[PDB]
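Colleague: As input, take final-v7.cif (mmCIF, C-alpha atoms; chains and numbers go by the auth columns):
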```cif
data_entry
loop_
_atom_site.group_PDB
_atom_site.id
_atom_site.type_symbol
_atom_site.label_atom_id
_atom_site.label_comp_id
_atom_site.label_asym_id
_atom_site.label_seq_id
_atom_site.Cartn_x
_atom_site.Cartn_y
_atom_site.Cartn_z
_atom_site.B_iso_or_equiv
_atom_site.auth_seq_id
_atom_site.auth_asym_id
ATOM 1 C CA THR A 1 -17.636 -68.363 34.563 0.00 1 A
ATOM 2 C CA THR A 2 -18.050 -65.162 32.383 0.00 2 A
ATOM 3 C CA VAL A 3 -20.472 -63.385 30.039 0.00 3 A
ATOM 4 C CA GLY A 4 -18.034 -61.447 27.861 0.00 4 A
ATOM 5 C CA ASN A 5 -14.607 -59.817 27.657 0.00 5 A
ATOM 6 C CA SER A 6 -13.240 -56.570 29.114 0.00 6 A
ATOM 7 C CA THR A 7 -11.186 -54.466 26.671 0.00 7 A
ATOM 8 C CA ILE A 8 -8.356 -52.007 27.193 0.00 8 A
ATOM 9 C CA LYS A 9 -6.967 -50.083 24.196 0.00 9 A
ATOM 10 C CA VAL A 10 -3.890 -47.931 24.554 0.00 10 A
ATOM 11 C CA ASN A 11 -0.957 -46.935 22.413 0.00 11 A
ATOM 12 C CA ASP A 12 2.084 -49.222 22.666 0.00 12 A
ATOM 13 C CA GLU A 13 4.313 -46.221 23.327 0.00 13 A
ATOM 14 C CA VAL A 14 3.683 -43.262 25.586 0.00 14 A
ATOM 15 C CA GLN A 15 6.063 -40.470 26.655 0.00 15 A
ATOM 16 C CA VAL A 16 7.039 -38.694 29.924 0.00 16 A
ATOM 17 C CA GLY A 17 5.099 -35.407 30.115 0.00 17 A
ATOM 18 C CA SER A 18 2.558 -36.206 27.370 0.00 18 A
ATOM 19 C CA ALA A 19 -1.001 -37.131 28.330 0.00 19 A
ATOM 20 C CA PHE A 20 -2.523 -40.223 26.684 0.00 20 A
ATOM 21 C CA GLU A 21 -5.857 -42.194 26.928 0.00 21 A
ATOM 22 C CA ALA A 22 -6.502 -45.814 27.974 0.00 22 A
ATOM 23 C CA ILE A 23 -9.895 -46.834 26.606 0.00 23 A
ATOM 24 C CA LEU A 24 -11.884 -49.314 28.677 0.00 24 A
ATOM 25 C CA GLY A 25 -14.731 -51.333 27.146 0.00 25 A
ATOM 26 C CA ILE A 26 -16.500 -54.642 26.607 0.00 26 A
ATOM 27 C CA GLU A 27 -16.483 -57.122 23.689 0.00 27 A
ATOM 28 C CA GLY A 28 -18.171 -60.386 22.707 0.00 28 A
ATOM 29 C CA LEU A 29 -20.985 -60.215 25.258 0.00 29 A
ATOM 30 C CA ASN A 30 -23.411 -63.191 25.318 0.00 30 A
ATOM 31 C CA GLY A 31 -26.411 -62.434 23.104 0.00 31 A
ATOM 32 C CA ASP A 32 -28.944 -62.775 25.951 0.00 32 A
ATOM 33 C CA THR A 33 -26.964 -60.626 28.399 0.00 33 A
ATOM 34 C CA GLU A 34 -28.606 -57.184 28.591 0.00 34 A
ATOM 35 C CA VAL A 35 -25.985 -54.844 30.082 0.00 35 A
ATOM 36 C CA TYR A 36 -26.938 -51.710 32.069 0.00 36 A
ATOM 37 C CA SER A 37 -23.751 -51.067 34.078 0.00 37 A
ATOM 38 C CA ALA A 38 -20.113 -52.100 34.261 0.00 38 A
ATOM 39 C CA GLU A 39 -17.426 -52.009 36.953 0.00 39 A
ATOM 40 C CA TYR A 40 -13.640 -52.108 36.646 0.00 40 A
ATOM 41 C CA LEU A 41 -10.793 -52.070 39.075 0.00 41 A
ATOM 42 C CA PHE A 42 -8.200 -50.282 36.958 0.00 42 A
ATOM 43 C CA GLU A 43 -4.559 -50.780 38.009 0.00 43 A
ATOM 44 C CA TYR A 44 -1.457 -48.870 37.098 0.00 44 A
ATOM 45 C CA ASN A 45 1.955 -48.046 38.509 0.00 45 A
ATOM 46 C CA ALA A 46 1.372 -44.893 40.576 0.00 46 A
ATOM 47 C CA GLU A 47 5.168 -44.206 40.520 0.00 47 A
ATOM 48 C CA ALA A 48 5.241 -44.031 36.727 0.00 48 A
ATOM 49 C CA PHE A 49 1.936 -42.222 35.915 0.00 49 A
ATOM 50 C CA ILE A 50 -0.174 -39.304 37.049 0.00 50 A
ATOM 51 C CA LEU A 51 -3.990 -40.047 36.951 0.00 51 A
ATOM 52 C CA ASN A 52 -5.542 -37.009 35.245 0.00 52 A
ATOM 53 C CA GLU A 53 -9.270 -37.660 34.710 0.00 53 A
ATOM 54 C CA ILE A 54 -11.564 -40.619 34.100 0.00 54 A
ATOM 55 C CA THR A 55 -14.584 -39.881 31.914 0.00 55 A
ATOM 56 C CA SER A 56 -17.359 -41.580 30.005 0.00 56 A
ATOM 57 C CA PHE A 57 -16.622 -42.636 26.450 0.00 57 A
ATOM 58 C CA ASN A 58 -19.870 -40.897 25.462 0.00 58 A
ATOM 59 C CA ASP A 59 -22.788 -39.026 26.992 0.00 59 A
ATOM 60 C CA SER A 60 -25.196 -42.018 27.134 0.00 60 A
ATOM 61 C CA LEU A 61 -23.273 -43.301 30.172 0.00 61 A
ATOM 62 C CA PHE A 62 -22.000 -41.827 33.413 0.00 62 A
ATOM 63 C CA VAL A 63 -18.769 -42.748 35.200 0.00 63 A
ATOM 64 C CA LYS A 64 -17.863 -42.493 38.873 0.00 64 A
ATOM 65 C CA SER A 65 -14.382 -43.391 40.091 0.00 65 A
ATOM 66 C CA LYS A 66 -12.243 -43.482 43.252 0.00 66 A
ATOM 67 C CA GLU A 67 -8.568 -44.167 43.587 0.00 67 A
ATOM 68 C CA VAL A 68 -8.978 -46.457 46.622 0.00 68 A
ATOM 69 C CA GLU A 69 -5.220 -47.065 46.972 0.00 69 A
ATOM 70 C CA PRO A 70 -2.425 -45.539 44.966 0.00 70 A
ATOM 71 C CA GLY A 71 -2.578 -47.181 41.502 0.00 71 A
ATOM 72 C CA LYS A 72 -5.927 -48.965 42.102 0.00 72 A
ATOM 73 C CA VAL A 73 -9.040 -47.174 40.813 0.00 73 A
ATOM 74 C CA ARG A 74 -12.623 -48.348 41.276 0.00 74 A
ATOM 75 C CA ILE A 75 -14.627 -47.335 38.190 0.00 75 A
ATOM 76 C CA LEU A 76 -18.443 -47.613 37.998 0.00 76 A
ATOM 77 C CA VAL A 77 -20.004 -47.116 34.534 0.00 77 A
ATOM 78 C CA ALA A 78 -23.845 -46.877 34.356 0.00 78 A
ATOM 79 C CA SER A 79 -26.299 -46.481 31.525 0.00 79 A
ATOM 80 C CA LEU A 80 -28.457 -43.373 31.556 0.00 80 A
ATOM 81 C CA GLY A 81 -31.300 -45.350 29.951 0.00 81 A
ATOM 82 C CA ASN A 82 -30.560 -47.668 27.000 0.00 82 A
ATOM 83 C CA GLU A 83 -28.960 -51.077 26.993 0.00 83 A
ATOM 84 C CA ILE A 84 -25.158 -50.862 26.591 0.00 84 A
ATOM 85 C CA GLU A 85 -24.058 -52.304 23.238 0.00 85 A
ATOM 86 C CA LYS A 86 -22.127 -55.613 23.181 0.00 86 A
ATOM 87 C CA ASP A 87 -18.766 -54.247 21.838 0.00 87 A
ATOM 88 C CA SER A 88 -18.896 -50.678 23.148 0.00 88 A
ATOM 89 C CA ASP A 89 -16.121 -48.524 24.557 0.00 89 A
ATOM 90 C CA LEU A 90 -17.182 -47.228 27.975 0.00 90 A
ATOM 91 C CA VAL A 91 -14.447 -45.226 29.772 0.00 91 A
ATOM 92 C CA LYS A 92 -11.497 -42.921 28.905 0.00 92 A
ATOM 93 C CA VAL A 93 -8.681 -42.965 31.504 0.00 93 A
ATOM 94 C CA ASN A 94 -6.331 -40.009 30.915 0.00 94 A
ATOM 95 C CA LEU A 95 -2.762 -40.467 32.265 0.00 95 A
ATOM 96 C CA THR A 96 0.584 -38.646 31.953 0.00 96 A
ATOM 97 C CA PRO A 97 3.802 -40.653 32.439 0.00 97 A
ATOM 98 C CA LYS A 98 6.386 -39.092 34.755 0.00 98 A
ATOM 99 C CA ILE A 99 9.205 -41.676 34.509 0.00 99 A
ATOM 100 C CA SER A 100 10.649 -43.577 31.571 0.00 100 A
ATOM 101 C CA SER A 101 10.245 -47.350 31.555 0.00 101 A
ATOM 102 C CA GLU A 102 10.698 -50.240 29.198 0.00 102 A
ATOM 103 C CA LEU A 103 7.443 -51.877 30.301 0.00 103 A
ATOM 104 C CA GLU A 104 4.504 -50.863 32.374 0.00 104 A
ATOM 105 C CA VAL A 105 1.162 -52.699 32.674 0.00 105 A
ATOM 106 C CA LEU A 106 -2.260 -51.046 32.624 0.00 106 A
ATOM 107 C CA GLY A 107 -4.609 -53.748 34.003 0.00 107 A
ATOM 108 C CA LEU A 108 -8.222 -54.522 34.737 0.00 108 A
ATOM 109 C CA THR A 109 -8.186 -56.796 37.789 0.00 109 A
ATOM 110 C CA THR A 110 -11.999 -56.664 38.271 0.00 110 A
ATOM 111 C CA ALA A 111 -14.433 -56.433 35.334 0.00 111 A
ATOM 112 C CA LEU A 112 -18.166 -57.052 35.891 0.00 112 A
ATOM 113 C CA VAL A 113 -21.478 -56.128 34.245 0.00 113 A
ATOM 114 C CA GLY A 114 -24.906 -55.520 35.805 0.00 114 A
ATOM 115 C CA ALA A 115 -27.572 -56.945 33.579 0.00 115 A
ATOM 116 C CA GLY A 116 -31.351 -56.940 33.026 0.00 116 A
ATOM 117 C CA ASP A 117 -31.800 -59.995 35.217 0.00 117 A
ATOM 118 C CA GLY A 118 -30.915 -57.745 38.167 0.00 118 A
ATOM 119 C CA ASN A 119 -27.648 -59.606 38.770 0.00 119 A
ATOM 120 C CA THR A 120 -23.941 -58.966 38.398 0.00 120 A
ATOM 121 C CA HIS A 121 -21.891 -61.129 36.010 0.00 121 A
ATOM 122 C CA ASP A 122 -18.156 -61.593 35.389 0.00 122 A
ATOM 123 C CA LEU A 123 -16.194 -60.452 32.363 0.00 123 A
ATOM 124 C CA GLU A 124 -12.791 -61.880 31.385 0.00 124 A
ATOM 125 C CA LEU A 125 -9.974 -59.672 32.677 0.00 125 A
ATOM 126 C CA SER A 126 -7.528 -57.793 30.457 0.00 126 A
ATOM 127 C CA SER A 127 -4.314 -55.715 30.477 0.00 127 A
ATOM 128 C CA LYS A 128 -2.095 -53.834 28.073 0.00 128 A
ATOM 129 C CA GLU A 129 1.676 -53.120 28.167 0.00 129 A
ATOM 130 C CA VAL A 130 3.124 -49.741 27.308 0.00 130 A
ATOM 131 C CA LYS A 131 6.713 -48.478 26.882 0.00 131 A
ATOM 132 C CA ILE A 132 7.275 -45.027 28.413 0.00 132 A
ATOM 133 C CA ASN A 133 9.773 -43.014 26.353 0.00 133 A
ATOM 134 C CA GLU A 134 11.904 -40.161 27.678 0.00 134 A
ATOM 135 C CA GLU A 135 10.544 -36.659 27.421 0.00 135 A
#
```
Would you mind giving the structure from this file in structure tokens?
Modeller:
Amino acid sequence: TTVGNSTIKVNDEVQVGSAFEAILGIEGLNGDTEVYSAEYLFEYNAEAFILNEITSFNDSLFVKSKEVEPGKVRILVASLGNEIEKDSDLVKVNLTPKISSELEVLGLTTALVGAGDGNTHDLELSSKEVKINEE
């Protein structure tokens, strides 16, 4: 089963040629789960978006990422010291749309946390739909 929820926060509407942020995080973690790292597989339609940069939501974490196939990005978030708070935002994914669309899905198809028991644990998955307006 799972120890908490993944979160993705993004505006409902984006626009061709205008950069926007998807914000990846966690929410509702079990009280006894002490989180030191997270891992997403972030998915998006590589025909519709340009991946610009993926960065930490703040400077108490570091992010590493690799687009392992077009539109599938492995994202490792790690604490620099402190326990990661239970409802924190962790990663900023900066994208620019390049085609209009009525509906595109930004998804987390893998979402895991490394904890103070030395083990990995599952999070519930998440996605968000956006409409891409014309430039």
Colleague: Please provide the set of residues having any atom within 7 Å of residue A:123, restricted to all atoms listed in the file, with same-chain residues fewer than 2 positions apart removed, written as a PyMOL selection string.
Modeller: chain A and resi 2-6+111-112+121+125
Colleague: Which protein, DNA or RNA residues have an atom at most 12 Å from (-14.5, -53.8, 32.1), counting all atoms listed in the file? List them as a ChimeraX atom specification.
Modeller: /A:2-9,23-27,29,35,37-43,74-78,86-92,107-114,121-127
Colleague: Skipping near chain neighbours, those fewer than 5 positions away, what residues fall within 8 Å of stretch 50-56 of chain A using all atoms listed in the file, listed as a PyMOL selection string?
Modeller: chain A and resi 61-63+65+77+90-98
Colleague: Between atom CA of residue A:49 and atom CA of residue A:20, what is the spacing in Å?
Modeller: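 Atom-to-atom, atom CA of residue A:20 and atom CA of residue A:49 are spaced 10.4 Å apart.
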Colleague: Exactly which residues make up the result of the PyMOL selection byres ((chain A and resi 11) around 10) on this file, given as an NGL selection string?
Modeller: :A and (9-10 or 12-14 or 20-23 or 128-131)
Colleague: Any idea what the distance is between atom CA of residue A:120 and atom CA of residue A:59?
Modeller: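 Taking atom CA of residue A:120 as the start and atom CA of residue A:59 as the end point, the length is 23.0 Å.
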Colleague: Rounded to one decimal place, report the atom CA of residue A:80-atom CA of residue A:64 distance in Å.
Modeller: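 Pair atom CA of residue A:80 / atom CA of residue A:64 returns 12.9 Å.
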Colleague: Would you please work out which residue, of A:36, A:105, A:135, A:15, is nearest to residue A:81 when using all atoms listed in the file?
Modeller: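 Closest residue, counting all atoms listed in the file: A:36.
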